[PDB]
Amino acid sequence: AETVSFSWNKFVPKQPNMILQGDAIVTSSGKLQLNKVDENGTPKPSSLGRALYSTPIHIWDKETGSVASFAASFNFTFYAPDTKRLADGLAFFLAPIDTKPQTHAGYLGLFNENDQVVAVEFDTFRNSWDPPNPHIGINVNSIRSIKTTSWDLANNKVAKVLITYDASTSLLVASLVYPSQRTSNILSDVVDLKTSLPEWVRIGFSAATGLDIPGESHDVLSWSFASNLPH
């Protein structure tokens, strides 16, 4: 079958395996820093970074019908200078090889008002299509999440996320954990790949600050991934 995996405890600046977009950049310290921030450490409004993984992923195969299974994990935080005023969020996702960034702020650089994406979002800001409070969601080829759940967030604290997709059931599952707070959320729903994405995709993250406010920074510290594409 087809196999791939990768794992990093830290990010190496100017690493030839990640592809950076927008404001996205890797620090000396070793963080994937998605959004732009002030020397004061403050986030800057209307910011938006994306970050891809160079090798492409054969997610499903047309001749054989075969569908991959896969899993991904990451350590991430966010910094919010004013917790009463957040936005806009962070997503993990999969798109097509030549994906460039869409709309910002509430679109988390993924969708536009009027392009073949599957994603899991961690939304901080209640848009028109949003539910109340921060949440986690599954976006299948659209920004209006097909399912959501509250997101019990904590500022400046480390979140450990885990995403799994089980080809067998077409069941995607996302869980988030604040060990710092012994806190946990889970969300699950079925998604069909064979019809919402292309045989080969690329993966990564997207994150966006407030359109008209700073909102919160979005740094990613670790990344892990593996996939299996049976014949």
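From 1 onward, residues are counted along the sequence shown.
J.: Should the segment between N114 and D115 be described as having none, 1 to 3, 4 to 9, or 10 or more unmodelled residues of the deposited sequence?
T.: In the deposited sequence, 1 to 3 residues between these two have no coordinates.
J.: Quick one: higher average CA temperature factor, 75 to 83 or 119 to 127?
T.: According to the entry, 75 to 83 carries the higher average C-alpha B-factor.
J.: Decide which of the stretches 59 to 67 and 190 to 198 has the higher mean C-alpha B-factor, going by the entry.
T.: The recorded data point to 59 to 67.
J.: Between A207, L211, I19, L221, let me know which has the highest C-alpha B-factor in the entry?
T.: Result of the comparison over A207, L211, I19, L221: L211.
J.: Of the options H135, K157, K160, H104, which has the highest CA B factor as deposited?
T.: Answer for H135, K157, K160, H104: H104, with the highest C-alpha B-factor.
J.: Based on the entry's values, in what third of the chain does the Cα temperature factor of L110 lie: lowest, middle or highest?
T.: Within its chain, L110 is a middle-third residue by C-alpha B-factor, going by the deposited values.
J.: Against its chain's modelled residues, does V37's Cα B factor rank lowest, middle or highest third?
T.: Highest third.
J.: Would you check the entry's CA temperature factor for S168 and let me know if it's in the chain's lowest, middle or highest third?
T.: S168: CA B-factor falls in the highest third of its chain.
J.: What third of the chain does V4 rank in for C-alpha temperature factor, lowest, middle or highest?
T.: Ranked within chain, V4 CA B lands in the middle tercile.
J.: Once the chain's modelled residues are ordered by C-alpha B factor and cut into thirds, is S54 in the lowest, middle or highest one?
T.: Its C-alpha B-factor belongs to the middle third of this chain's values.
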